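Just dropping in an experimental structure and the matching sequence.
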Amino acid sequence: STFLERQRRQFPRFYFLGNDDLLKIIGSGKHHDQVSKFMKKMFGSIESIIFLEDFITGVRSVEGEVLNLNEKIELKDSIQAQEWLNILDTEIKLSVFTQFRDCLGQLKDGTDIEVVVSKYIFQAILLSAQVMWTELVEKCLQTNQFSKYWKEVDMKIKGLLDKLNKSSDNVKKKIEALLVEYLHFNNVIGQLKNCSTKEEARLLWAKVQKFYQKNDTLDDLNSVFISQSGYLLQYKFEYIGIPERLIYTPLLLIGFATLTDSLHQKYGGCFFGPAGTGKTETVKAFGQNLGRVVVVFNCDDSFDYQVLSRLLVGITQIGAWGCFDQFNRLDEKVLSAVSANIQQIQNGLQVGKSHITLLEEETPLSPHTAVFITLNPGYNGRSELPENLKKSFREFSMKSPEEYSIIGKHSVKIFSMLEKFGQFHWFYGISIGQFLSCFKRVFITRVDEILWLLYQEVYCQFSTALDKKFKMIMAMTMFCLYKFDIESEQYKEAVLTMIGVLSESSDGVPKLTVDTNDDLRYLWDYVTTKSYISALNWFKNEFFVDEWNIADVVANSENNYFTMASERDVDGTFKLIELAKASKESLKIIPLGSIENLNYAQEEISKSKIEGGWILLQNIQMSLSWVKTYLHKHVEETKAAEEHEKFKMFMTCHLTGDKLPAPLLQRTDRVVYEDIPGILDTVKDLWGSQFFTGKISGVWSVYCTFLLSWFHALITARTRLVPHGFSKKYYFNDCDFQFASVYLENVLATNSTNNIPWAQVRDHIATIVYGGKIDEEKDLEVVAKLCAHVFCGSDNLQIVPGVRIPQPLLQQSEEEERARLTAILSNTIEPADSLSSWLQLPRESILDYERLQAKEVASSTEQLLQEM
């Protein structure tokens, strides 16, 4: 097998074939004709190789087109397959470049397309026509003679139309393949002619793919490159034959822009959407436009995970592009292993490691490899990526074009309410041992005292593990369970009808009671004003309990494991920074990444528990498969007081996502970090991170970064409001800030200091950087109207109603501008209606959002009370 593996190392195309076909290729090398049958597997484009019994004349595609090589390959008896196969591999690329420069030279010498089509292959005439078209339209953008070139292209279209009907079946597909491109050229010229000035013309021209050539290269295979929206991509001269061409449409060019934007930062491209929209067809057309044969990987179609790993190592050596067609339909073990392999490939690309460990095999990594993931529509909604791949890919939305008996009767009801919280969500679990342990704390009219102190202890202990909504549900429910048994029925009817006014079950206005005005009438006063936060918090204020902070639970409880799950909006690391510094411990941050990260993690765990330093495990959800194998057995069983005295461990989880194992989650204490910072606070937090690395481009980049910080804080502020604003909850990370900042530096580095690029930057942000995840067009219009407000502006912007941002001065001092923007952030005062004033949605929508969450809380507590 080692002889075969070394043979694969000599010729990396052999990875695609397999054992059985390769044994015949190695054996039958003398006869030389049987190898041609396997060539479609190891090339993908061509079908068979033509011989003249002495040399190789050329190769033919799967369609029938014959390609003739320049230098013929000699054959003898004492020769191996790898030698002539490598000579053929380089020779077809040189013959493609030869016919390309010959086509371009003939076309430059005023020739007809009809004579050229009958003589040169399709790919050469396609690339040469694209180069001459963009070359003449670049000077046409200055001279503004679109009609002159429009009539010539229309005459060439009609000339190829008359030659199409009088054409044989072989050349007919070549002619159709050139007409779809010529219709795209005419459509672009037609859109450019109707523009008002050069501004719309350059905004339109930035999105169209431009094919340029290098004159001073002397490195012929790397001469032609492709520019789009400011990014460059090198054309590889790989033979593609005559593939079918999609109709050029705006959404196809948007998909091409998303792919080149992800590839510019060496990020993996991936897009979900309903089936039948042409995801893989778009990826293959993107590869054909750059002269690449995209290898497609079938999913869940009688494929064994072994051959997939052989194809991944082979595509990682050749430097070809791989597309995972319909990735969602996979088994959990195969999906986990392939997602791990994709994580290693993308991390090796981003970092730049020459050699990577795949299949426990050391192997070189060519920098040209790329992986794309198409996702069929899910059944709970749209399908999603595994947690490990989210931080490495860029998603796109692609569519079509007797004292103890009275104690006990209350106790079993309290435990039942907490049990219904445990069946509602997997994180809100509770066992009976914790209930008795919390019950022991109550000691350190006797019934009338111990019952009230028990209610205070239950709300003081178990509230920290629940989120704000369930906190208010538990507070109102326990207040009802206490007051219904002690007081009379009139108190029950008044509180029940007021809860039914908070909900929409039954609205009545009874008499309050008689001389109970001091005890009540306050919730009625909050009801008649339609204010929901004070009315929901009155039940909490009745407890008279200091709300336990996370510091109080970690200090008070005596345990070594804690898991604080939270939404993707915030992270509990910064709270641990101050809490561990206040406790004067330390704070390891062990990230759970790849297999090397896992080995370093288990090493640091096994040493840190003995040393006693605190450690943190960020994003435990992505490595949950490793958790149930190793971490579960490790931390499930308590060992002794050696680890209890010094060591304490923290784990960061996410509420929305995969479910953690039940014994590990029940063993550890649970907290939910739910502290949401303000808009101005998020602006200062994003602005503070910028001067660490520094800005070297120019003074305008400081201003663009300040505008991007305000834009990111306003989208994140609108994200939380689910019924009003965004249709559903879209998650935005700092990767969008990184991609928008790099696009801003790219547009500022290549353009003069005029105010013009603000036409094309805004759409790029609202459609690619931030508009990528969004699928509903209404939310895309919200992001568009917000970015149109934050960017366009002359000497006065007034993003928020109070503050106005002036343009940078002539002095061009970047440190003075940094001090000016910090002074302009210090003078501001955040108003009380900032959620309604800074965001352009009206305040009545804010009141409607509060009414909806109050209705959900009142309905859930009424339902919980009726069952018991």
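Cool, got the structure. Residues are numbered from 1 along each chain as shown.

CA only for contacts and neighbour counts going forward, please
OK.

does residue 231 really touch residue 264, like I thought?
Yes - with contact defined as CA atoms under 8 Å, residue 231 counts as touching residue 264 (6.8 Å).

Give me the more crowded residue out of the two.
Ranked by neighbour count (other CA atoms under 10 Å), residue 231 and residue 264 place residue 231 first, with 15 against 12.

ok, longest helix in the chain?
helix 81-108 (DSSP state H).

now the strands for the stretch 251-400 of the chain?
268-272, 295-297, 321-324, 355-358, 361-364, 370-375, 393-397 (DSSP state E, counting those that start in this stretch).

nearest to residue 32, of those?
Nearest of the strands of the stretch 251-400 of the chain to residue 32, taken as CA to CA: strand 295-297 at 26.1 Å.

ok, which stretches of the stretch 351-500 of the chain are helices?
With helices called from DSSP state H, counting those that start in this stretch, the stretch 351-500 of the chain shows them at 403-424, 432-440, 446-462, 468-486, 489-502.

For the closest residue to residue 266 other than its chain neighbours, which residues are in contact?
Nearest non-adjacent residue to residue 266, counting by CA to CA, 6 or more residues apart in numbering: residue 350, 5.8 Å away. Residue 350 is in contact with 265, 266, 267, counting by CA atoms under 8 Å, 6 or more residues apart in numbering.

What subset of these is buried?
Among those, the ones that count as buried by 16 or more other CA atoms under 10 Å are 266, 267.

Just the closest of the contacts of residue 350 to residue 620, please.
Minimum distance to residue 620 across these is 22.9 Å, recorded for residue 267 (CA to CA).

now residue 601: how far from residue 607?
10 Å (CA to CA, to the nearest Å).

Looking at those two, which one has more neighbours?
Higher neighbour count among residue 601 and residue 607: residue 601, with 19 against 12, using other CA under 10 Å.

thought the more buried one was touching residue 593?
No - the criterion here is CA under 8 Å, and residue 601 misses it with residue 593 at 9.3 Å.

between these two, what contacts are shared?
Common neighbours of residue 601 and residue 593 (CA under 8 Å, 6+ apart) do not exist.

The nearest residue to residue 758 once chain neighbours are set aside: neighbour count?
Excluding the flanking residues, the one nearest residue 758 by CA to CA, 6+ apart is residue 792, at 6.4 Å. Using other CA under 10 Å, residue 792 has 14 neighbouring residues.

Mind checking what secondary structure residue 792 has?
coil (DSSP: H, G, I helix; E, B strand; the rest coil).

Go through the longest helix of the chain and flag the buried ones.
81-82, 88, 91-97, 99-104, 107.

Would you mind listing the buried residues in the helix or strand just after that helix?
Where DSSP states H and E defines the elements, the next helix or strand beyond helix 81-108 is helix 113-117. When burial is assessed from 16+ other CA under 10 Å, helix 113-117 yields the following buried residues: 113, 117.

Over to stretch 128-144?
Under the neighbour-count criterion of 16+ other CA under 10 Å, stretch 128-144 has 128, 129, 130, 131, 132, 133, 134, 137, 140, 141 buried.

can you give me the helices in the stretch 151-300 of the chain?
169-193, 198-207, 250-264, 279-289.

Point out the other helices and strands that the shortest one packs with.
Here helix 198-207 touches helix 758-764, going by 3 or more CA pairs under 8 Å, 6 or more residues apart in numbering; DSSP states H and E.

Next, the contact list for residue 329, please.
299, 300.

re the thing from before, give me whichever of the helices of the stretch 151-300 of the chain is most buried.
Comparing the helices of the stretch 151-300 of the chain by mean neighbour count (mean count of other CA atoms under 10 Å), helix 279-289 comes out on top with a mean of 21.

Next, count neighbours for residue 831.
Counted with other CA under 10 Å, residue 831 comes out at 11.

Tell me who's in contact with it.
No contacts exist for residue 831 under CA under 8 Å, 6+ apart.

Which strand or helix spans it?
Assigned by DSSP H and E, residue 831 falls within no helix or strand.

Distance check, it against residue 840.
In terms of CA to CA, residue 831 sits 14 Å off from residue 840.

Please apply the same query to residue 262.
Taking CA to CA, one finds residue 262 at 32 Å from residue 840.

again, but for residue 301
50 Å.

Could you check which of those two has the larger neighbour count?
residue 840 (14 against 9).

On the three-state scheme, that one is what?
Going by three-state DSSP: residue 840 is coil.

all numbers from here: first residue = 21
In the new count, where the first residue is 21, that last one comes out as residue 860.

so how far is residue 127 from it?
Residue 860 is 57 Å from residue 127, by CA to CA.

same deal with residue 481?
In terms of CA to CA, residue 481 sits 82 Å off from residue 127.

Ok, residue 748 next?
Residue 748 is 54 Å from residue 127, where distance means CA to CA.

sorry, back to before: for the residue nearest to residue 778, give me the backbone phi and psi.
Per-residue torsions, residue 812: phi -70, psi 130 (degrees, to the nearest 10).

That one and residue 818: what is the separation?
11 Å.

ok, now residue 863?
Going from residue 863 to residue 818 by CA to CA gives 19 Å.

and what of residue 301?
From residue 301 over to residue 818 (counting by CA to CA), the distance is 45 Å.

again, but for residue 855
From residue 855 to residue 818 the distance is 16 Å (CA to CA).

Neighbour count: those two, which is higher?
Taking other CA under 10 Å, residue 855 and residue 818 do not tie; residue 855 has more neighbours (20 against 14).

got the contact list for that one?
Counted by CA under 8 Å, 6+ apart, residue 855 has contacts 737, 866.

where does it fall, phi/psi-wise?
Taking degrees, to the nearest 10 as the convention, residue 855 sits at phi -60, psi -30.

again, but for the one 4 residues further on
Backbone torsions for residue 859, taken as degrees, to the nearest 10, come to phi -80, psi 140.

Neighbours of it, how many?
19.

wait, it sits on residue 739?
No - the pair residue 859 / residue 739 is not scored as a contact, 11.2 Å apart, by CA under 8 Å.

any idea where the helices of the stretch 671-820 of the chain begin and end?
682-687, 699-708, 710-713, 719-739, 754-769, 778-784, 797-810.

any chance of the ones you listed in JSON lines, plus mean neighbour count and distance to residue 47?
Shown next, in JSON lines, are these (neighbours: other CA atoms under 10 Å; distance: least, CA to CA, whole Å):
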{"stretch": "helix 682-687", "mean neighbour count": "16", "distance to residue 47": "56"}
{"stretch": "helix 699-708", "mean neighbour count": "17", "distance to residue 47": "64"}
{"stretch": "helix 710-713", "mean neighbour count": "10", "distance to residue 47": "59"}
{"stretch": "helix 719-739", "mean neighbour count": "20", "distance to residue 47": "63"}
{"stretch": "helix 754-769", "mean neighbour count": "16", "distance to residue 47": "52"}
{"stretch": "helix 778-784", "mean neighbour count": "18", "distance to residue 47": "56"}
{"stretch": "helix 797-810", "mean neighbour count": "17", "distance to residue 47": "59"}
